[PDB]
Amino acid sequence: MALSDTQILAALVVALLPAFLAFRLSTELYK
Amino acid sequence: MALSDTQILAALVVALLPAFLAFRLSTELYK
Amino acid sequence: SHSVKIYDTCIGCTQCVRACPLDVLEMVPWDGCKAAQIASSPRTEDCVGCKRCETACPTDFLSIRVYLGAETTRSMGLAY
Amino acid sequence: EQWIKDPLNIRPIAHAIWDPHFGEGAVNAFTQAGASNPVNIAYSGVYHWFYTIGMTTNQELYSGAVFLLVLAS
Amino acid sequence: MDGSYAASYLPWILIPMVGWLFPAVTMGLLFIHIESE
Amino acid sequence: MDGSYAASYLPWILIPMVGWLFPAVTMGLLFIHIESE
Amino acid sequence: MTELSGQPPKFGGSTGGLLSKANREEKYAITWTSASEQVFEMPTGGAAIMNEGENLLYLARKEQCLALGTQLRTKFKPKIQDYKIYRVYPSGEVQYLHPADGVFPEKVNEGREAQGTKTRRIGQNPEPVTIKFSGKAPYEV
Amino acid sequence: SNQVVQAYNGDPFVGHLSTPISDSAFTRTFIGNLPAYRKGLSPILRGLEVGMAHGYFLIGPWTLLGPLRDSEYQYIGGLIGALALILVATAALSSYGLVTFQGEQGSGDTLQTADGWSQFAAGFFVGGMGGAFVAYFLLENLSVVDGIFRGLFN
Amino acid sequence: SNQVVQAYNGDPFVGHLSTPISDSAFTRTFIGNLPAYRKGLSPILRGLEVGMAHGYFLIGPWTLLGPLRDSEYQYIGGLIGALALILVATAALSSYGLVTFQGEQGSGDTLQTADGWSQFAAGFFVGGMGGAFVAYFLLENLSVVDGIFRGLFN
Ligand code: CLA
Ligand code: CLA
Ligand code: CLA
Ligand code: CLA
Ligand code: CLA
Ligand code: CLA
Ligand code: CLA
Ligand code: CLA
Ligand SMILES: CC1=C(/C=C/C(C)=C/C=C/C(C)=C/C=C/C=C(C)/C=C/C=C(C)/C=C/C2=C(C)CCCC2(C)C)C(C)(C)CCC1
Ligand SMILES: CC1=C(/C=C/C(C)=C/C=C/C(C)=C/C=C/C=C(C)/C=C/C=C(C)/C=C/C2=C(C)CCCC2(C)C)C(C)(C)CCC1
Ligand code: SF4
Ligand code: SF4
Ligand SMILES: [Ca+2]
Ligand SMILES: [Ca+2]
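Chains as they are written, first to last, in full-length UniProt numbering: chain A, 1 to 31; chain B, 1 to 31; chain C, 2 to 81; chain D, 75 to 147; chain E, 1 to 37; chain F, 1 to 37; chain G, 1 to 141; chain H, 4 to 157; chain I, 4 to 157.
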C-alpha cells in the first residue's frame with residue numbers, strides 16, 4: 001500500500017525541471 | 001622423451017642473433 | 002601541384018578556360034590557328050585536377066592534359 | 075612422438091593455445107588429441123612430411139629448427 | 001589453461017608481450033617516426 | 001540505522017550530498033564570485 | 001591590392017564557413033561592387049543579402065570564390081563583372097589573385113605569356129623507356 | 004531582437020553559431036571554468052584535475068561488468084583493468100605532445116606547448132592512477148563506507 | 004673509409020671517440036630518446052618517467068632476497084625497503100639540486116637549472132613511490148594476475 005522506488009525516482013525527475021526553471025529565473029533576475 | 005626448458009631457452013638464445021642480424025639488414029636497407 | 006600541359010592542337014575555342022572553375026587557364030595570343038590564340042596555364046598551383054577542362058574540348062584526344070602530380074592543401078581542395 | 079605410434083587414428087598437433095579469453099567449454103573442447111593443455115589440431119602436412127623424411131624423435135627436428143635459425147642468420 | 005610441455009612459464013609472459021608490449025612500442029615508434037620532421 | 005520505507009538507498013547518498021557536496025561547491029562558487037573583478 | 005575595402009553582407013551565420021585553416025594557413029576574400037540590395041546564395045550555405053556598394057566576403061577556398069564569381073556574372077541581370085578575389089594570409093599580406101592581369105581570362109590580351117605550352121601532339125610524346133631512371137616525367141621531358 | 008541563435012563572435016563567416024548550447028552565458032562560464040580551460044593554472048594542476056575524474060570512473064565498468072565480477076577478486080580486477088587503460092591513455096597523449104609541439108614553440112597559451120603538454124601528461128598520469136586507486140579503495144572497503152554513512156560504528 | 008671508429012664530433016682533440024657503442028646511430032637515437040635526454044618535455048614528466056622504472060624494479064631484491072622472504076609478510080617488507088630506498092634517493096638528488104644550481108641560473112637546457120632539477124626531484128619521488136606500490140600490488144595479488152593471464156576466472 002506504500003510507495004515504490006519508481007514513484008520516488010519519478011518525483012525526482014518531475015522536480016528536476018523546476019530546478020532548471022528556477023535556474024533560468026535566477027539568471028534573468030540577476031541581469 | 002620430450003623437450004626440456006634449457007633447449008627452449010637455447011633456441012631463444014640462438015634465435016636472438018637473427019634478430020640482431022635482421023635489424024642490421026633492415027637498417028642498411030633503409031639507408 | 003598538378004601539371005596542366007596544353008599542346009599545339011588547340012584551336013583557340015576558349016571552352017576550357019570558361020569551363021575551369023579555378024582561374025588557372027587563360028588565353029594568350031598565338032599564330033598557329035584561325036582564332037590566333039591558345040590557352041595557357043600559369044596558375045597551376047591552384048588547379049585541383051578536376052579535369053573539367055578535359056570535358057569541353059573539340060579536338061581528337063583533347064589538346065589540354067591534366068597530369069595528376071603531387072598534392073597539397075590547394076590541390077586536395079580542403080577547407081580545414 | 076605419439077603420432078608415429080599410431081598415425082591412422084591419433085591427430086597431429088600444430089601448437090598450443092594461450093589466449094586468456096577461454097572459458098571452461100573452450101578449454102574442455104580444445105584439449106583434443108590427448109593433451110592436457112588446449113591444443114590446435116594441425117591440418118597442414120608437416121607431420122606426414124617429417125615422418126616420410128625419417129624424423130622419429132622430437133630432438134632431431136628441434137635440432138633442425140636450430141639449424142634453420144643459423145641458416146637464416 | 002596450463003602447459004603440459006616444457007617451459008610452461010614462457011608463453012605466460014610471451015603472449016602479453018607480443019600482444020601488448022610489442023605492438024604498443026611498435027606503433028609508438030612508428031607514430032613518432034611517420035609524423036616527425 | 002536503515003530505512004523501512006521505499007528507496008532506502010536514496011538518503012544514503014542524498015544526506016552527504018546536501019551536507020558536503022552541495023555546500024562545498026556553493027561556497028566555492030560564491031567565494032570565486034564575490035572575490036573576482 | 002594590399003588593403004581590403006568593403007563591408008560584410010547581411011548574413012545570419014553558418015557552419016560551413018571559415019574553419020581553423022583561416023587563422024592558421026590561408027583564407028580568401030572576394031570584393032565586388034553591387035548595384036542594388038539583392039539576394040545571393042553563398043557557396044558556404046544558404047542565402048545572404050548583398051549590401052549596396054562595395055562589399056567584402058571572406059571564404060575558405062578559392063573554388064568557393066570562383067563559384068561566387070560565376071554566380072555574380074551569370075545569375076543577375078545587372079551583371080557584376082568587376083569583382084576581385086584576393087588571398088589573405090594570417091601574417092596580414094594580401095595577394096591579388098583574380099583577375100590579376102586586369103582583363104578576364106576568357107578573352108585574349110597582350111601582356112600574357114604562354115606558360116605550360118607544348119609544341120607537339122600527344123601522339124608525339126616520348127616513351128618512358130628512354131627516361132626510365134632520369135627522375136623526370138614522360139610529359140615534362 | 005528576440006532571436007536566441009546568432010553569429011559566432013559577431014562575424015557571420017566563421018563556421019559556427021552563437022547558440023544557447025554553444026555560446027550561452029552558462030556554457031562559456033562552465034566550459035571556460037573547466038580545468039582544461041580556466042585561466043591561471045599550470046598544466047600540471049589542470050592535468051591532475053582532468054586525470055582524477057577520469058581515473059575515478061574507470062573503475063566502474065570493470066567492477067560491475069568485467070570478467071572478474073563472478074569471483075571474490077572483483078575490485079582488484081577492476082583496478083588492474085583501469086590502471087592498464089590509464090597507462091595506455093597517458094602513453095597516447097604524451098606521445099601526442101611529443102610529436103605535435105616540435106619546432107616553433109609558440110609562447111602564449113602554455114597548454115599547447117611541448118613543456119606544457121608534458122606537464123599535462125604528468126598531471127594526467129598522477130590524477131589517473133590516484134583516482135583509480137581511490138575508487139578501488141572506496142569500493143573494496145564498502146562495508147566500512149556503509150558503516151560510516153549509516154553510523155553503526157558508534 | 005671503412006673504419007667504424009672515428010673522432011668524436013669531428014674535432015679529434017675532445018677526449019672521446021665516435022664509436023659503434025658511443026656514437027652509433029642506434030645509440031644516439033636511443034639514449035637521445037631516453038626520458039632524461041629527449042627534447043620537448045618538462046622535467047616533472049621526465050622525472051616521473053625516470054622514477055617509475057626505478058621504483059618498479061626495487062621491489063624485487065627485497066621480495067626475493069630480503070630478510071622477510073621466510074615469513075608470509077614477504078611483499079610488505081619488500082615494499083617498505085624500497086620506499087626507504089626511494090625516499091633516501093630523492094633526498095640525495097633534491098639536496099644535490101639544492102646546492103649545485105645556486106647562483107647564475109643559466110637559461111637553456113632547463114634540466115640543469117634549480118627550478119628544473121626541483122621539478123625532476125618531484126617527478127622522481129612520485130614515479131618512485133608509484134612504481135614501488137604498483138610492483139608491490141602486482142606481486143601481492145599474484146594469484147589474481149596468474150588467474151587473469153591463464154584465464155581461469157571465466
Ligand atoms: C575478443 C575475442 C578474442 C581475442 C582478443 C583473441 C585473442 C587471441 N587469440 Mg583467440 N579466439 C577467440 C576470440 C578471441 N581471441 C574465439 C572466439 C576463438 C574460438 C574459440 C578463438 C580461438 C583461438 C585459438 C584457437 C587460438 C587463439 C589465439 C589467440 C591469441 C593470438 C596470439 C597473438 O598475439 O598473436 C599475434 C597476433 C597476430 C599475428 C594477428 C594479427 C594480424 C595482424 C592484424 C595483421 C598484420 C598487421 C601488420 C601487417 C603488422 C602489424 C603491425 C603492428 C606491428 C604495428 C590472441 C591473444 C592463439 C593463441 O593462443 O596463441 C598461440 C590460438 O592458437 N584464439
Ligand atoms: C615465423 C614463424 C613463427 C610463427 C608464426 C610463430 C608463432 C607463434 N609463436 Mg613462435 N617461435 C618461432 C617462430 C614462429 N613462431 C621461432 C623461430 C622460435 C624460436 C626462438 C619461437 C619461439 C616461441 C616461444 C618460445 C613461444 C612462441 C609462441 C608463439 C605463439 C604466440 C606468439 C608469440 O608469443 O610469439 C613470440 C615469439 C618470439 C618472441 C620469438 C619468435 C620470433 C620469431 C623468430 C620471429 C619470426 C619472424 C617473422 C617471420 C617476422 C614476420 C614479418 C612480417 C610481419 C612482415 C605463436 C603461435 C609462444 C607460444 O607457444 O604460446 C602458446 C611461446 O611461448 N614461439
Ligand atoms: C593479442 C593479445 C591480447 C591479449 C593477451 C589480451 C588479454 C586480455 N584481454 Mg584482450 N583484446 C585484444 C587482445 C588481447 N587481449 C584485442 C585485439 C581486443 C579488441 C577486440 C581485445 C579486447 C578486450 C576486451 C573488450 C576485454 C579484454 C580483456 C582481456 C583480459 C581478460 C582478463 C582480464 O580482465 O584481465 C585484467 C586486465 C589486465 C591483465 C590488464 C593488464 C594490466 C597489467 C597486469 C599491468 C602491468 C603493467 C605494468 C605496470 C608494466 C610492466 C612493464 C613491463 C616492461 C614489464 C586479458 C588480460 C577483458 C578485460 O577485462 O581486460 C581489461 C575485456 O573486457 N580484451
Ligand atoms: C522545501 C521543502 C523541503 C524540505 C524542507 C525538505 C527537507 C528534507 N528532505 Mg526533501 N524533498 C522535497 C522538499 C523538501 N525536502 C521535494 C519537493 C522532493 C521531491 C523531489 C524531496 C525529495 C527528497 C528525497 C528523495 C529525500 C529528501 C530528504 C530530505 C531531508 C534531508 C535533506 C536532503 O537530502 O534533501 C535533498 C533534497 C533534494 C535533493 C530534492 C529536494 C529539493 C527541493 C525540491 C528544493 C526545495 C527548495 C527550497 C525551498 C529552497 C530554499 C531556499 C532558501 C535557502 C532561500 C530533509 C528533511 C532525504 C531524506 O529523507 O533523508 C532522510 C531524501 O532521501 N527529500
Ligand atoms: C550536515 C551534514 C553532515 C554529515 C552528513 C556528516 C557526516 C559525518 N560526520 Mg560530521 N559534521 C558536520 C556535518 C555533517 N557531518 C558539521 C556541520 C560539523 C561541525 C559541527 C561536523 C563535525 C564533525 C566532527 C567533529 C566529526 C564528524 C564526523 C562525521 C562522520 C561520522 C563517521 C565517520 O568517521 O566518517 C568517516 C569519514 C568520512 C566518511 C569522510 C568522507 C570521505 C568520503 C568517504 C570520501 C569520498 C570522496 C570521493 C573521492 C569524492 C567523490 C566525488 C563525488 C562527486 C561522488 C560522518 C561521515 C566524525 C568523523 O570522524 O568524520 C571524519 C567526527 O569526528 N563530523
Ligand atoms: C561495442 C559493443 C560492445 C559492448 C557494449 C561491450 C560490452 C562489454 N564487453 Mg565486449 N566486445 C565487443 C563489443 C562490445 N562489448 C567486441 C566487438 C569484442 C570483440 C569480439 C568484445 C570482446 C569482449 C571480451 C573478450 C570481453 C568483453 C567484455 C565486456 C563487458 C565488460 C567490458 C568492460 O568493462 O568495458 C570497459 C569499457 C569502458 C571502460 C568504457 C566505458 C565507456 C563509458 C561508459 C562511456 C560513458 C559516456 C557517458 C555516459 C556520456 C556522458 C559523459 C558526461 C557528459 C556526463 C561489457 C558488458 C568482458 C566480459 O566479461 O563480458 C561480460 C570480456 O571478457 N568484450
Ligand atoms: C629501455 C628504456 C626505457 C624504459 C625502461 C622506459 C620505461 C617507461 N616508459 Mg619509456 N621511452 C623510451 C625508453 C624507455 N622507457 C624511449 C627510448 C622513448 C622514446 C620513443 C620512450 C617514450 C615514452 C613515452 C612517450 C612514454 C613512456 C612511458 C614509460 C613508462 C610506462 C609505460 C611503458 O613504457 O611501459 C613499459 C615498457 C617498457 C619498459 C618497454 C620499453 C620499450 C620501449 C623503448 C618503450 C617505448 C614506450 C612506448 C612508446 C609506449 C609504451 C607504453 C605501453 C606499455 C602502452 C615506463 C617507466 C610512458 C609514461 O608513463 O610516461 C609518463 C609514456 O607516456 N616512454
Ligand atoms: C657486496 C656484496 C654483497 C651482496 C651481493 C649482498 C647481498 C645480499 N645481502 Mg648483504 N651485506 C654485505 C654485502 C653484500 N650483500 C655487507 C658487506 C654487509 C655488512 C657486513 C651486508 C649485510 C647484510 C645484512 C645485514 C643483510 C644482508 C642481506 C642481503 C640479501 C638481500 C639484500 C638486498 O635486498 O639487497 C638490495 C639490493 C639492491 C636493491 C640493489 C640491487 C642492485 C641491482 C641488482 C643492480 C642491477 C644492475 C643491472 C643488472 C645492470 C644492467 C642495467 C640495465 C642496463 C639493464 C642479499 C643476498 C639481507 C638478508 O636477508 O640476507 C639474505 C640482510 O638482512 N646483507
Ligand atoms: C553535476 C553536473 C555535471 C557533472 C557530472 C559528472 C559527470 C560528474 C563527474 C564526477 C566525477 C567523475 C567525480 C570524480 C571525482 C574524483 C576525485 C575526487 C578523485 C580524487 C582522487 C584522489 C583523492 C587521489 C589521490 C591520490 C592518491 C590516493 C595516491 C596517488 C596520488 C593521488 C595524490 C592522486 C554535468 C557535467 C553533467 C553538467 C552539470 C551538472
Ligand atoms: C628492451 C631493451 C632494454 C630495456 C630493458 C629494461 C631494463 C627494461 C626495464 C623495464 C622496466 C623497469 C619497466 C618498468 C615499468 C614501470 C612502470 C610501468 C611503472 C608504472 C607505475 C605506475 C603505474 C604507478 C602509478 C601511480 C600510482 C599507482 C599511485 C602513486 C602515483 C602514481 C601515479 C605514480 C635495453 C635497455 C636493455 C636495451 C634494448 C632492449
Ligand atoms: S578547349 Fe581545347 S581547343 Fe579550346 S582553347 Fe582549350 S585547349 Fe584549345
Ligand atoms: S583540372 Fe580543373 S582546375 Fe585544372 S585546368 Fe582542368 S578544369 Fe581547370
Ligand atoms: Ca567472472
Ligand atoms: Ca626471513
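In this text, a Cβ means the ideal position worked out from N, Cα and C, and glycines have one as well.
In this structure, the C-beta of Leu141 (chain H) approaches ligand 5 to less than 8 Å from one of its heavy atoms.
Within chain H, the residues placing a beta-carbon under 8 Å from that of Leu48 (chain I) are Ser97, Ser121, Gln122, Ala124, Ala125, ordered along the chain. Counting along the chain, the unbroken beta strand (DSSP E) around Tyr96 (chain G) starts and ends at 94-98.
For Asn125 (chain G), the CB contacts under 8 Å within the same chain, skipping 5 residues up- and downstream, are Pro138, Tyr139 in chain order. Not flagged as an interface residue toward chain G: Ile12 (chain C), since no C-beta distance is shorter than 9 Å.
Distances between the C-beta of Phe136 (chain I) and the heavy atoms of ligand 5 are all 8 Å or more. Between the stretch 87-97 of chain G and the stretch 21-30 of chain G there are three or more inter-stretch CB-CB distances shorter than 8 Å, so the stretches are counted as touching.
Relative to ligand 11, the beta carbon of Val129 (chain G) is positioned no closer than 8 Å to any heavy atom. Residue burial annotation: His98 (chain G) is buried, with at least 16 other C-beta atoms found within 10 angstroms of its C-beta. Per the Cβ contact rule, the stretch 20-28 of chain C is in contact with the stretch 53-68 of chain C (3 or more Cβ pairs under 8 Å). Counting only residues of its own chain and dropping the five nearest sequence neighbours on each side, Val101 (chain D) has a CB closer than 7 Å to the CB of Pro112. Contact between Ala117 (chain I) and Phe104 (chain I) holds: CB atoms are separated by about 4 Å, below the 8 Å threshold.
For ligand 8, the residues with a Cβ under 6 Å from any of its heavy atoms are, in chain order, I:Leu61, I:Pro64, I:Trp65, I:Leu68, I:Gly69, I:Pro70.
Straight through space, the alpha carbons of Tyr40 (chain H) and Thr30 (chain H) are spaced by roughly 12 Å. Rounded to the nearest whole angstrom, the C-alpha separation of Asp5 (chain A) and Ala94 (chain H) is 44 Å. A distance of 9 Å or more separates the beta carbons of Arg120 (chain G) and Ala80 (chain C).
If you check the C-beta of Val141 (chain G) against ligand 2, you find no heavy atom less than 8 Å away.
At a cut-off of 9 Å between C-beta atoms, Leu10 (chain E) counts as an interface residue with respect to chain B.
For the stretch 127-140 of chain H, there are no residues whose beta carbon sits under 8 Å from a beta carbon of chain F. Using beta-carbon distances, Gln115 (chain G) counts as an interface residue toward chain C, with a partner under 9 Å. In the displayed model, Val91 (chain H) falls within a helix according to three-state DSSP. Counting along the chain, the unbroken alpha helix (DSSP H) around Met27 (chain F) starts and ends at 22-34. For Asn157 (chain I), the neighbours in chain H by C-beta distance under 9 Å run, in chain order, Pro70, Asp73. At a Cβ-Cβ threshold of 9 Å, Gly106 (chain I) and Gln115 (chain I) do not count as neighbours. According to the DSSP assignment, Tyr59 (chain I) belongs to the alpha helix (DSSP H) that extends over 46-60. Think of a sphere of 8 Å around the beta carbon of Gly111 (chain I): no beta carbon from chain E falls inside it, the nearest being about 22 Å out. Restricting attention to beta strand (DSSP E) runs no shorter than 3 residues, the stretch 51-114 of chain G encloses them at 54-59, 84-88, 94-98, ordered along the chain. Any Cβ of chain D closer than 9 Å to the Cβ of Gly100 (chain I) would place that residue at the interface, and such an atom is absent. Using a cutoff of 8 Å, the CB of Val144 (chain D) does not count as near ligand 2, since none of the ligand's heavy atoms is closer than that.
Remark: the C-beta of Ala19 (chain B) is outside contact range of ligand 11, defined as less than 8 Å to any heavy atom.
Around the C-beta of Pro9 (chain G), 16 or more other C-beta atoms lie within 10 Å, and the residue is accordingly described as buried. With a cutoff of 9 Å on beta-carbon distance, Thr130 (chain D) and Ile78 (chain D) are scored as near each other. The beta-carbon of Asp149 (chain I) is placed less than 9 Å from the nearest beta-carbon of chain E. Taking a beta-carbon distance threshold of 9 Å, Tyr40 (chain H) does not count as an interface residue toward chain G. Taken from the Cβ of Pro94 (chain D), at least one heavy atom of ligand 1 lies inside 8 Å. When DSSP states are grouped into helix, strand and coil, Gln7 (chain B) belongs to the helix group.
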